[PDB]
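The data below hold one chain only, encoded as structure tokens and taken in the form deposited in one PDB entry.
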């Protein structure tokens, strides 16, 4: 049976001037800008590396256009260290998303800036 592609990205979070900075690294340790092109059905797995000392945990992935069909589903691990996106790459187009995280310093949710997902169907 046919298998898609699994992409793996680390979401490193540091503090600069007291506020979070999101740095994505790829499977080669390279800092990457964060946008992703999806060229066939598959998954995107994000691992949190929280270096802020603010107790960050993922609570989900947010979208200003959540019904656009670019991302089919979001899954989250029980410890808030992993989120995975399912992208079946049938609907062509682009969508902006932001990571949503809790923190242990206060009761505000933390939002990343928004990368883009770009779907290029087969």
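Residue numbers count along the first chain shown, from 1.
There is also a form deposited with a partner chain bound; it is not shown, and the following applies to it.
Checklist entry - Is residue 91 a contact residue for its partner chain in the deposited bound form, using a 4.5 Å heavy atom cut-off? => result Contact check for residue 91: yes, within 4.5 Å of its partner chain in the deposited bound form.
Next on the checklist: Since only the chain is shown here, I'm wondering whether residue 39 would be in contact with its partner chain in the deposited bound form (any heavy atom pair within 4.5 Å).
Outcome noted: Close contact exists here: in the deposited bound form, residue 39 approaches its partner chain to within 4.5 Å, heavy atoms only.
Checklist entry - residue 96: heavy atom within 4.5 Å of its partner chain in the deposited bound form? => result Output for residue 96 is yes: heavy atoms within 4.5 Å of its partner chain.
Item to check | 4.5 angstroms heavy atom contact with its partner chain in the deposited bound form for residue 71 | outcome: Yes, residue 71 is a contact residue.
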